[PDB]
Student: 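Below is one structure. I have some questions about it.
Hydrogens, waters and symmetry mates are skipped; everything else that's a heavy atom, side chains included, is used. Quick note on labels: first sequence line is chain A, next is B, and so on, each numbered from 1.
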Amino acid sequence: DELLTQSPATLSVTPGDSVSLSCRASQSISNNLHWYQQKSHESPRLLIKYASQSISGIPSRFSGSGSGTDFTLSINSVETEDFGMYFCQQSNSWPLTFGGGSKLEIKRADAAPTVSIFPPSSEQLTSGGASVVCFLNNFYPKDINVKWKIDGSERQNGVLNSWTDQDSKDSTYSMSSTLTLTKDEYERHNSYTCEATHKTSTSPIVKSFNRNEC
Amino acid sequence: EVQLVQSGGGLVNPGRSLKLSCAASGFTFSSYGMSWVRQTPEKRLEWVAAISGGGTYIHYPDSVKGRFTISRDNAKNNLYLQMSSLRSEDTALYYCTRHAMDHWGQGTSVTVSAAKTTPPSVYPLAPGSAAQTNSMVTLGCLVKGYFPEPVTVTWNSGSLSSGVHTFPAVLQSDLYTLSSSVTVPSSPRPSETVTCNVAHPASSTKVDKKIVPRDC
């Protein structure tokens, strides 16, 4: 019932790079520190037991070290099959405690988002609701800023933002920004803008629709 | 060889009880200590309880002491978790393991909530069929106000898998909202059918929503 703190929280690395994942115990645990790998839609799996014993069949690039309060899990030339979550667990005392984990992400070339803006569907309006949606697809890095503007003014109240995990197939990220509004609120105005600021650019990527083209 | 297959999770009200079961396979059950370990939705692992091969010597963290009971059946090779006086904080994927755990089972999801099962409202998002340009039109589907998880969204009955992005669910006070998007060449634009299909296992709902780069 001691704290295991893992750093870094998130790491972006290119296959072939070397990495060190740290796990620090709030109290000396001897060598009672075990490491688990967890990949998307899989259960955790034992990589290393007692600070440095790799479990049989684990490949050689993986190795662990530490004692007392500082442990590190080193991966030599990272393979693509290595990206996922890593966790440390202590068996020193009761209760058994776990670290928050460290996420390993595949660093790839920088990519600007492809943004799509959609007005509310008529079926939604008939229910008297209006969701304006903006898809900001396949970008890298993960940091992106989205801003809504209704008739040129910024609007923060009401936005739900959702991000995917690294695409399995291309390493990019996708995000959906939804501006939820009452039916009547929606009809009080004409222009809805979705503006994305991404590292790939100096100026904002922007898409707009007015109550105009039917 | 070693297999651990968990079962019994489901939606239960705050204060109810539930019985999880773990079927061991491929080892001498008896000689092994077993533990329950849960993963919260924020993906943190919490150890819940441990039982010795002989089932004498039990340990529990304070959070669960007196609510949960770990038990094993050395004859039938079953590990059991009796949960009671359940709280919203016990909502997680509950795993197994054999003793640190060297083998994990698949997980059983347990959701503790007061919300009642509610099917989705599926809404087609057809581009402002002007506000586009190329041989690459992105259509969408909004899947609002359902409970609980999950939902399965397909683009044209699985066919269209290239393009598609399904964004995780966001809990907007006891209803989830989900969106899915698809990218096809402006053939089909009305050129053909594009249909988003959603199934809500928990509500026995199958819904087909025909987009097609339509509407005004």
Student: Please flag which part of A:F209 lies under 4.5 Å from any non-hydrogen atom of chain B: side chain, backbone, both or neither.
Tutor: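 Interface part for A:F209: neither.
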Student: What part of B:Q132 is in contact with chain A, defined as an atom under 4.5 angstrom from a non-hydrogen atom: side chain, backbone, both or neither?
Tutor: neither
Student: Tell me, which pairs form a ring-ring contact (aromatic ring centres under 6.0 Å, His included) where one or both residues lie in residues 30-60 of chain A, sequence neighbours left out?
Tutor: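 As it turns out, the ring-ring contact (aromatic ring centres under 6.0 Å, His included) pairs with a partner in residues 30-60 of chain A, which skip direct neighbours, are A:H34-A:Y50, A:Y36-B:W104.
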Student: Tell me if the NZ atom of B:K206 is crowded by more than 12 foreign heavy atoms within 6.0 Å.
Tutor: yes
Student: With a 4.5 angstrom heavy-atom cut-off, could you sort out which part of B:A169 is near chain A: side chain, backbone, both or neither?
Tutor: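 Nothing of B:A169, per the 4.5 Å heavy-atom cut-off to chain A.
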Student: If I compare all heavy atoms of A:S43 with all of B:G105, which pair ends up nearest, and what's the gap?
Tutor: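 That closest heavy-atom pairing would be OG-O, 2.9 Å.
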Student: Sort A:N32 into side chain, backbone, both or neither according to what part of it lies under 4.5 angstrom from a heavy atom of chain B.
Tutor: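 The answer is neither part of A:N32.
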Student: Working to the nearest 0.5 angstrom, can you tell me the gap between A:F87 CZ and B:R44 CZ?
Tutor: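 Nearest 0.5 Å value for the CZ-CZ distance: 8.0 Å.
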Student: Would the number of heavy atoms belonging to other residues, nucleotides or ligands and lying under 6.0 Å from CD of B:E149 be above 12?
Tutor: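 Count over threshold, so yes.
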Student: Can you measure from OG1 (B:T138) to CD1 (A:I117) and round to the nearest 0.5 angstrom?
Tutor: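 Here the rounded value is 13.5 Å.
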Student: Sort B:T133 into side chain, backbone, both or neither according to what part of it lies under 4.5 angstrom from a heavy atom of chain A.
Tutor: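 For B:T133, neither part sits under 4.5 Å from chain A.
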Student: Under 4.5 Å from any heavy atom of chain A, what part of B:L45 do you find: side chain, backbone, both or neither?
Tutor: both
Student: Non-hydrogen atoms of chain A under 4.5 Å away: do they reach the side chain of B:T166, the backbone, both or neither?
Tutor: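 For B:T166, the contact with chain A is made by the backbone alone.
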Student: Contact part of B:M136 toward chain A, heavy-atom cut-off under 4.5 Å: side chain, backbone, both or neither?
Tutor: neither
Student: From A:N138 CG over to B:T183 OG1, what is the distance, rounded to the nearest 0.5 angstrom?
Tutor: 7.0 Å
Student: So which part of B:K65 gets closer than 4.5 Å to some heavy atom of chain A, the side chain, the backbone, both or neither?
Tutor: neither
Student: What distance do B:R98 atom CZ and A:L46 atom CG have between them, rounded to the nearest 0.5 Å?
Tutor: 10.0 Å
Student: What option among B:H103, B:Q172, B:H99, B:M101 has the most heavy-atom pairs under 4.5 Å with chain A?
Tutor: B:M101
Student: Sort A:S116 into side chain, backbone, both or neither according to what part of it lies under 4.5 angstrom from a heavy atom of chain B.
Tutor: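 Only the side chain of A:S116 comes within 4.5 Å of chain B.
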Student: If you measure from OG on A:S127 to NZ on B:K144, what distance do you get to the nearest 0.5 Å?
Tutor: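 Reported to 0.5 Å precision, the distance equals 12.0 Å.
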Student: Is there a side-chain contact between A:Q38 and B:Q39, using heavy atoms and a 4.5 Å cut-off?
Tutor: yes
Student: Considering only heavy atoms, which portion of B:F167 lies under 4.5 Å from any heavy atom of chain A: side chain, backbone, both, or neither?
Tutor: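 Both parts, backbone and side chain.
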Student: I'd like to know whether A:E123 forms a side-chain contact (heavy atoms from CB on, under 4.5 Å) with B:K209, so could you lay out the CA-CA distance, the side-chain angles of the two residues, the decisive distance to 0.1 Å, and finally the verdict.
Tutor: CA-CA 11 Å; A:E123 354 225 338; B:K209 232 64 193 213; 3.5 Å; yes
Student: In Å and rounded to the nearest 0.5 Å, what is the CG to OG1 distance from A:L160 to B:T177?
Tutor: 6.5 Å
Student: Could you look at B:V37 and say if it's the side chain, the backbone, both or neither that has a heavy atom under 4.5 Å from chain A?
Tutor: side chain
Student: Please flag which part of A:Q124 lies under 4.5 Å from any non-hydrogen atom of chain B: side chain, backbone, both or neither.
Tutor: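 It is both, since atoms from each part get that close.
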Student: Quick check on A:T178 against chain B: is it the side chain, the backbone, both or neither that has a heavy atom closer than 4.5 Å?
Tutor: neither
Student: Applying the side-chain contact (heavy atoms from CB on, under 4.5 Å) test to B:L142, which of A:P120, A:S121, A:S131 qualifies?
Tutor: A:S131
Student: Identify which part of B:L139 has an atom lying under 4.5 Å from any heavy atom of chain A, answering side chain, backbone, both or neither.
Tutor: backbone
Student: Using non-hydrogen atoms only, which part of A:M85 is less than 4.5 Å away from chain B: side chain, backbone, both, or neither?
Tutor: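 No part of it gets close to chain B.
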Student: Should we count CH2 of A:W94 as having more than 12 external heavy atoms under 6.0 Å?
Tutor: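 At most 12 heavy atoms, drawn from other residues, nucleotides or ligands, come within 6.0 Å of this atom.
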